[PDB]
A.B. asks: 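What follows is a single structure, and I will ask about it in a moment.
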Amino acid sequence: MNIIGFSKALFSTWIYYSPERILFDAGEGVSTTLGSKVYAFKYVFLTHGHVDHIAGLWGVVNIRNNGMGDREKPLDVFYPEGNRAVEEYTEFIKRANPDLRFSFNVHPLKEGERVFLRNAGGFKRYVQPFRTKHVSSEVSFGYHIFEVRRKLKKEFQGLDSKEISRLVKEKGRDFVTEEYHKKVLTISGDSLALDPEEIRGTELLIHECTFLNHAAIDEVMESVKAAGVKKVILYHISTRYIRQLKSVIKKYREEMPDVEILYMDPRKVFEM
Amino acid sequence: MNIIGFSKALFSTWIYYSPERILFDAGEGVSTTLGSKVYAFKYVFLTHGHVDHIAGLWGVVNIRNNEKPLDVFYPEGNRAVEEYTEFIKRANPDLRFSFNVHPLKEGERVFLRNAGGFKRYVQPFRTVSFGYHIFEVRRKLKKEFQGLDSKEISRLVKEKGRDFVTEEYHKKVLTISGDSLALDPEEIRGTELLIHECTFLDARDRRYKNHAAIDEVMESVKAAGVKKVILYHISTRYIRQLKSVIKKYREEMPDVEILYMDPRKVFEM
Ligand SMILES: [Zn+2]
Ligand SMILES: [Zn+2]
Ligand SMILES: [Zn+2]
Ligand SMILES: [Zn+2]
């Protein structure tokens with residue numbers, strides 16, 4: 001599964017994006033739910049430091065440290081620079097359990113700072129944080145996963161199969177293409193409807209939808225519509241608004257046939 | 001449900017006992033699973049301070065706070081519980097007065113409010129790790145008065161008092177092992193409900209005697225006169241052998257009700 005996660009507003013939120021071995025947020029229960037799968041984690045990106053987005057980190061590091069043996073690898077954990085709650089909790093984990101001190105590295109990130117990923121299939125993707133409006137208290141980030149790609153220059157897009165192949169054979173691939181950065185994944189974290197520009201072009205939007213501050217579903221769909229996003233996952237949903245949102249979802253699925261709309265049910269583990 | 005719990009060895013363990021609004025242990029996920037039921041907690045008793053038994057505590061008080069402080073009891077000397085609760089309060093000023101921790105000495109009783117009856121109390125026993133008994137103080141007619149009729153017994157009670165005609169005895173309503181080896185039959189004997197850890201299904205691969213194997217546990221259940229037992233703290237390795245293994249003992253011991261907490265799902269009873 002490309003994505004396995006769980007999200008219930010105020011209680012716990014965590015999203016495992018398997019393709020890049022990245023865990024976004026770490027609410028309680030992630031290690032219990034994923035088991036030995038936590039050994040496969042290479043990165044943790046935290047949107048912020050509220051307990052429902054970080055309390056599961058201790059279990060992740062504890063299980064990795066006890067179950068990987070001499071083949072354990074340090075877990076890189078990234079969070080919004082200046083977020084004291086993340087720093088206090090990670091310091092407590094290391095202080096309270098010396099055996100875990102070197103099991104993970106905590107890296108504060110500045111907005112816009114890129115982190116290139118190390119996985120199989122090529123060196124071509126990086127994670128990039130953007131500031132979000134949430135508690136107005138501490139710093140929160142949303143994240144994009146970008147993929148460095150190459151596409152044919154406009155002038156060569158009309159050539160047929162044989163013509164483009166002939167040209168590439170003669171002049172090389174780079175000559176007929178230009179590089180561009182595709183947003184392959186966007187996670188909002190807790191925040192108000194993202195600016196249509198922040199989400200435009202993303203192949204998969206994962207946006208909080210706490211209400212029927214945070215964001216209400218209508219403001220989110222409006223944003224998706226303006227940015228022309230085709231695939232969105234709604235999360236950070238509360239249990240009191242289950243059916244109400246569920247109904248508005250089908251309503252939206254009809255009103256927006258070209259857009260795939262999924263949601264993480266606050267009562268069950270999500271998989272895609 | 002008198003018991004809603006979840007347990008998976010090394011990952012998370014929490015057992016909510018609704019009759020007394022008591023939560024035993026608080027492994028990660030308890031507030032997420034129980035939701036608003038956490039508002040109902042009257043007490044939390046921790047068997048120890050390993051991450052899989054306490055990481056969910058922050059979540060519980062955070063959700064509760066969002067009304068006297070919740071009382072949290074744990075084994076005296078357990079530094080891990082102290083360090084974690086101190087971190088919660090130091091790092092979250094708003095929760096600083098939301099709960100209180102209380103170290104307990106082995107055998108130290110905590111009488112439960114009740115409706116003012118104080119008929120029930122919790123008592124820890126060593127397994128710093130503690131197991132716990134919930135005791136109910138009951139009364140029964142002294143043997144010498146069993147034959148008196150209604151009028152005769154009331155005349156005696158009037159003249160002598162209720163205490164004179166009855167005798168109080170302490171009944172073990174619930175026993176929770178916490179993490180430990182098979183408990184001495186003496187410790188469990190008499191309990192109406194035993195919830196005992198069952199980390200291994202085969203003692204052969206227990207590099208360290210800090211956990212009980214099912215046969216050993218069943219041995220103690222045998223030696224004592226234990227009615228129903230809920231096996232928990234079960235490891236993932238023995239994920240499927242579970243049924244079988246348990247099916248056999250349900251057979252080799254047809255008088256013993258054997259329930260268990262599947263490491264893959266929340267338990268309800
Ligand atoms: Zn949140
Ligand atoms: Zn938040
Ligand atoms: Zn344990
Ligand atoms: Zn333990």
Side-chain angles (χ1 to χ4, degrees), chain A residues 5-15 24-28 31-32 46-56 59 62-63 66 79-80 83 85-86 89 132-142 187-192 206-211 213-215 234-239 264 266, chain B residues 5-15 24-28 31-32 46-56 59 62-63 66 75 78 80-81 92 127 129-131 176-181 195-200 206 208 210-212 231-236 261 263:
Chain A
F6 175 80
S7 182
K8 180 178 178 171
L10 307 194
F11 290 84
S12 171
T13 288
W14 56 265
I15 296 167
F24 288 105
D25 279 352
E28 65 162 12
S31 66
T32 294
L46 299 178
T47 60
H48 58 306
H50 287 180
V51 61
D52 60 313
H53 293 260
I54 76 182
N62 181 256
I63 292 300
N66 280 304
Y79 69 98
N83 198 107
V86 167
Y89 180 55
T132 54
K133 196 69 62 177
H134 177 40
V135 70
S136 62
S137 180
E138 208 142 54
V139 197
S140 54
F141 281 169
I187 54 148
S188 68
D190 294 8
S191 93
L192 296 38
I206 302 176
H207 200 116
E208 73 125 289
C209 184
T210 310
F211 302 124
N213 284 304
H214 293 291
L234 263 18
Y235 76 127
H236 205 267
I237 294 177
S238 71
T239 50
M264 297 185 71
Chain B
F6 174 85
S7 183
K8 178 193 198 169
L10 316 172
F11 290 78
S12 176
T13 289
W14 54 265
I15 303 171
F24 291 97
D25 276 350
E28 74 163 1
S31 60
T32 292
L46 303 174
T47 65
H48 60 316
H50 280 173
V51 61
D52 59 316
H53 289 266
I54 69 175
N62 169 67
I63 291 294
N66 80 356
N78 201 101
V81 169
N92 312 87
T127 41
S129 183
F130 280 170
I176 295 182
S177 66
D179 289 5
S180 77
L181 306 176
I195 302 177
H196 193 117
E197 72 127 284
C198 195
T199 310
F200 306 86
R206 169 219 293 165
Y208 307 111
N210 359 294
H211 291 287
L231 297 173
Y232 76 126
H233 200 268
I234 294 146
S235 186
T236 332
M261 293 193 187

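Counting starts at 1 for both ligands and their atoms, following the listed order. Throughout, a chain's letter reflects where its sequence line sits, starting with A, and its residues are numbered from 1.
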A.B. asks: Below 2.8 Å, any N, O or S contact between A/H53 and the Zn ion (ligand 1)?
C.D. replies: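 Here the distance criterion (N, O or S atom, under 2.8 Å) is met by A/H53, so yes.
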A.B. asks: Would A/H236 count as a contact for the Zn ion (ligand 1), in the sense that one of its N, O or S atoms lies under 2.8 Å from it?
C.D. replies: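 Looking at A/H236, which is the residue asked about, there is an N, O or S atom under 2.8 Å from the Zn ion (ligand 1).
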A.B. asks: Would you confirm whether A/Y235, through its side chain, and A/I187, through its main-chain N or O, come within 3.5 Å as a donor-acceptor pair?
C.D. replies: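 Looks like no, no N/O pair under 3.5 Å.
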A.B. asks: Ignoring hydrogens and angles, state whether a donor on the side chain of A/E208 or A/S7 is under 3.5 Å from an acceptor on the partner side chain.
C.D. replies: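 Looking only at side-chain atoms, A/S7 and A/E208 do not form any donor-acceptor pair under 3.5 Å.
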A.B. asks: Which of the N/O/S atoms in A/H48 sits closest to the Zn ion (ligand 2)?
C.D. replies: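 Per the distance ranking, A/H48 contributes NE2 as its closest N/O/S atom to the Zn ion (ligand 2).
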A.B. asks: I'd like to know: is the Zn ion (ligand 1) within the 2.8 Å range of an N/O/S atom from A/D190, strictly under that distance?
C.D. replies: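 Checking A/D190: at least one N, O or S atom is under 2.8 Å.
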A.B. asks: Just say parallel, tilted or perpendicular for the rings of A/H53 and A/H48, cut-offs at 30° and 60°.
C.D. replies: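 Tilted: the ring planes of A/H53 and A/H48 meet at 30° to 60°.
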A.B. asks: With carbon and hydrogen excluded and only N/O/S kept, which atom of A/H50 is nearest the Zn ion (ligand 2)?
C.D. replies: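 Atom name of the closest N, O or S in A/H50: ND1.
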A.B. asks: Looking at B/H211, I want to see if its NE2 is surrounded by more than 12 non-hydrogen atoms of other residues, nucleotides or ligands under 6.0 Å.
C.D. replies: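 Yes, enclosed.
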A.B. asks: Testing the basics here: between A/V139 and A/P80, what is the closest heavy-atom pair and its distance to 0.1 Å?
C.D. replies: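 Nearest pair, atom of A/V139 first, then A/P80: O-CB, 3.7 Å.
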